[PDB]
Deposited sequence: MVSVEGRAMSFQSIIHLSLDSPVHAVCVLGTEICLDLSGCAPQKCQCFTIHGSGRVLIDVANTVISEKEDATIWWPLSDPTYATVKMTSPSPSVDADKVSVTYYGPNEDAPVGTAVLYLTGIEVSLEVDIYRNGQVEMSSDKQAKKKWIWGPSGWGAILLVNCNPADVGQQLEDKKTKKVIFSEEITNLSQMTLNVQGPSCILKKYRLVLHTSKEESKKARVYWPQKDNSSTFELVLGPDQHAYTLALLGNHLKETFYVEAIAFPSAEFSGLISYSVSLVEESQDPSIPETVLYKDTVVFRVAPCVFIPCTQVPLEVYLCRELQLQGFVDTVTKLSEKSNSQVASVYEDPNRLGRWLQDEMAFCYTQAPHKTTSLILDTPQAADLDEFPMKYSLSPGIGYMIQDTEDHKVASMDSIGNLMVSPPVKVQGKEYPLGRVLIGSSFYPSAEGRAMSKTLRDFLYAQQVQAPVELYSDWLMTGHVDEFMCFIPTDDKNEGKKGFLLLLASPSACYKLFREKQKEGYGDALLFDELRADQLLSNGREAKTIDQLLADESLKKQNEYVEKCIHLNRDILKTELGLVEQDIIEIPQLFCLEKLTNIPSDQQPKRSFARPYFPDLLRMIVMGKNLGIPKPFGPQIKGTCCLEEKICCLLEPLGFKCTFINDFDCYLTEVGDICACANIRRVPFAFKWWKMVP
């Protein structure tokens, strides 16, 4: 018989050995095992396609130690059986006549599954048949990547725009009479198979593809017929990383020899394996350049819609009209949806991650869609993708976060009526690994949204090598100080909510008051002292987990007031009070480069000018920002569940490749 597909071949003097070898495999030859006793040296010959590596511990005679091992490899497929050969000639002590000779006849067979492991936009061969089985993060790492299909049976037509999925090439090569003996099996674990789909084009250039592997088929058989098989398969991921799926999927090809005796089972001779990582879902901070501006113009194409639309024009950003959904709560375009992206070397896909807390959504061409499951569905439930803010890229005590860090609001401690993100959604976020999430304390808010006490704005200081962002933070203490400063100047008669109409103040549950009155409202100060404490707790957290300094923080005067949650049934109405903005929150701004669309506060007016608007411009306009105040008081004070003119902005995906990070 032939010593085929064996890691070690025992050489023989009487008769030669014949073996069939899969390309890339190392065969160890025990040269000293069959060496006569007299021998003390040998000479080794080989054909061209054979690579001989003698181990440690013109004719060239090498010493025959005990043991003496030499590993043989085959570089290219054999053109015919036994078309390569190795000969070991043993020599006795001082005779010059060869004592004996051992002969090996090799046939080289190629069976390789190859993918784009070097992330150069093409399927590249991997010489290291062991390294191709690993997926390593970092600039020195490697590993093919797989994109989740974000487009909303046994055969499917994929057009050329969608055929930008990952590529996996199966190459089989060798003498026909050898290849005919075996069959191939492309397979993966059943768990893995339920996490991606493999399609095979039925004919070259055919838009028609057959699902060879998928959730219902973890094994696909291929018949070898002596030709030099060359087939490209197309894989697509079906789900982002999750708590039970690290994102790694392996595919293998196994060589099988059907049995010639029914009693004897069939035999397995070789297996090659490749690895894909499912690219994670990456969220984009507001410091990134705006590209599109989606507005849920809820029959209110004026005020917010008109000014926001104008703002995007100033910032060179497109506007897309979103259609209101009757089955969804108000402000669903931002509280229940988020712009994100998932990247691979061959294609970048931007999409909406939707977290229905309650299906018709029409995006600009090329923008994907994906639904993430939620568990809590309250009106003020903090278990929505809206309870999330992405910090700009930062560097905390060495460790880099080039894609920023997701920030999620929860209850700092197990409060009696605390609220927080569900396990399902939090687990989804933590599994992406590339924007290490940070827990913030926003349970004191009624909405739970951190955009009501903080907001990031882009600076061009990175030209000088600076951080390139600023953190704006609500500070009731700064507003009280400003109002007290105006009082010292004699402007205590100035009135908050001055240029506002009674049908708006009364419907929005606010009443106008002078600087002297607010600075005398004792309950209002106790409430704003409570909020000031909450904000400083988040200030200490943010400075820690984002590596911020006080030079990065700009306090913005902002007042709040504590009110019960009344937009839900009384049976589930929390007894405690939650914070709501007293006047339109200045930190809920629309950031578009240096153009800032800030909500108009309607603060006390001095010489016909809002003192809050004047102070905000004094703070930011010297930094190069263009404040543009949006006059819609009804929209900015709308209830938690009521309908408002919503807005959500698509932004440029990070230029940094997420796979070059080291989580």
Legend entry - Sequence order list of spans that the model leaves without C-alpha positions, deposited numbering: 1-6, 64-70, 166-176, 383-389
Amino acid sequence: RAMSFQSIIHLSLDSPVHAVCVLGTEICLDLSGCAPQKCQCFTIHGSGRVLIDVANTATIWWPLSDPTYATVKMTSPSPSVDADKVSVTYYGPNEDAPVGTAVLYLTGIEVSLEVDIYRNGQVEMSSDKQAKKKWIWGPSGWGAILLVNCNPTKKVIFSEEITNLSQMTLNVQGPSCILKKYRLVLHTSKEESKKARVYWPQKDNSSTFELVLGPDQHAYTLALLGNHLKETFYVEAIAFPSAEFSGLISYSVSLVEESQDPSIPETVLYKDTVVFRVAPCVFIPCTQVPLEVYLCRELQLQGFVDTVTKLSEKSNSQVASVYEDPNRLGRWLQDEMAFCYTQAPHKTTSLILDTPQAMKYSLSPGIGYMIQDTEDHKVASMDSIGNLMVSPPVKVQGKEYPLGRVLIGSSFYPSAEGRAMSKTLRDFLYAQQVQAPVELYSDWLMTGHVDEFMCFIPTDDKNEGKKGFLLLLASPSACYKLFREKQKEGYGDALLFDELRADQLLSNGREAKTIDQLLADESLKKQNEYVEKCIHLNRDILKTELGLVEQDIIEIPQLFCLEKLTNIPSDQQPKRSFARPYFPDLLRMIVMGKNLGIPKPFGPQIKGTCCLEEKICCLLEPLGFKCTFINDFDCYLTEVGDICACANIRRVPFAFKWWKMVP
From here on, numbers count along this sequence of modelled residues.
Legend entry - Between 473-481 and 88-96 (mean CA B-factor, as deposited), the higher: 88-96
Inset, instruction - Using the B-factors recorded in the PDB entry, average over the C-alpha atoms of 559-567 and of 525-533, then report which stretch comes out higher. - result: 559-567
Inset, instruction - Among 326, 79, 584, 448, single out the one with the highest C-alpha B factor in the record, please. - result: 326
Legend entry - Candidate set 244, 427, 545, 231 [ranked by C-alpha B-factor, highest]: 244
Inset, instruction - Would you mind checking where the Cα B-factor of residue 576 ranks among the modelled residues of its chain, as the lowest, middle or highest third? - result: highest
Inset, instruction - Just say lowest, middle or highest third for the CA B-factor of residue 19 relative to the other modelled residues in its chain. - result: middle
Legend entry - residue 210, C-alpha B-factor rank within chain (lowest, middle or highest third): middle
Inset, instruction - Looking at the entry's B-factor column for C-alpha atoms only, identify whether residue 11 ranks in the lowest, middle or highest third of its chain. - result: middle
Inset, instruction - Tell me, lowest, middle or highest third: where does the Cα B factor of residue 318 rank within its chain? - result: highest
